[PDB]
Structure formats: C-alpha cells, structure tokens
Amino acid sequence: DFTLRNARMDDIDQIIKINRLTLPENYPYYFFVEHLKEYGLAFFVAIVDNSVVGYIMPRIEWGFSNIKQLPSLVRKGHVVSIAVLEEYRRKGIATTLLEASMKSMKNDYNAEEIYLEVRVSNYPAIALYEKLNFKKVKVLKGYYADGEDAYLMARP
C-alpha cells in the first residue's frame, strides 16, 4: 500500500526523475520549485517505503473560466503535471493524488473549477480524469511539441 504527504524541497530530485521517466515535457528544476513555493499545500507525493513513486504538481490561477459560456473571471486550479512510476500504476495512486490536490485547490486556495490539458492519445489519463468528473471542453490543436492535439478538460 502507499501513503500521501505534501511534497518538500528535498523531494524535487525524485519528482524530476519520475517526470523525466514518464513524460516528455521536462520542466527545469526551478519550475518545480516555484509551484512548491506558491501552491505547496496542493502539491502532493505518493510514498511507498520512504520513497516518492508519484506526484501531482498544481497551480492556482485567476482569470477567465474554462466552463462558463459568457466570459467570466474565476479562481481556478490547474493540474500542471501528474505521474506515477510504472510499477505502482493501477493501485489508485493518481486518483488519491488528484482528490487530495483538488481538495486543497478549493480549500486552501479558493479554486472554483479545475482544469488540465492531456494528449488526445493518452487514454489512461483521459479515463482517470473522466472518472473524477472532468469533461472535455475543447481540443487545443497542435498543443504539444511535434504537433499532437490536447484535450482541455475541466471540472466544475
């Protein structure tokens, strides 16, 4: 089984290692640090045997809604990055990380809606998000480097 706690500065080495093994968007270390500094309460790691096997990196934003029809300014949570090491997948880790991060986005940071972007080919993640009541809002054409479309997904 696994446990969740808030990420700490000394987790970043392991967070970056997971990021680089699992995802092509390889953000600089300082990028991870900025999110930990500003939105840390909603930045979680999953722990198995005193090591990090998963994380969720959040951002809290203010701007136009991705959900309302008429332009509408809101406080919104943004899932920037989420990953689980291969060996530890399908154990409910990402679900747990997401539920924990979303709680904090709303309760610590006053987020009113939550959104993310995902590769249209990333069926495991799309399935995860739809389980947690995210809906496809629109296709961001050619969002990824090389040209892959993203779904913008958002949750009221």
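We number the residues from 1 along the sequence you see. If you superpose the two forms and keep the largest set of C-alpha atoms that fall within 1.5 Å, you have the rigid core.
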query	finding
In 4 other deposited structures of this protein, rigid core aligned: more displaced of 65 to 73 and 118 to 126 by C-alpha RMS	65 to 73
Entry-level comparison of average CA B-factors, 43 to 51 and 121 to 129, reporting the higher stretch	43 to 51
Mean C-alpha B-factor comparison - 89 to 97 and 52 to 60, higher one	89 to 97
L140 CA temperature factor, ranked by third within the chain	lowest
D13 by Cα B-factor - lowest, middle or highest third of the modelled chain	middle
Third of the chain's Cα B-factor distribution that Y115 belongs to, per the entry	lowest
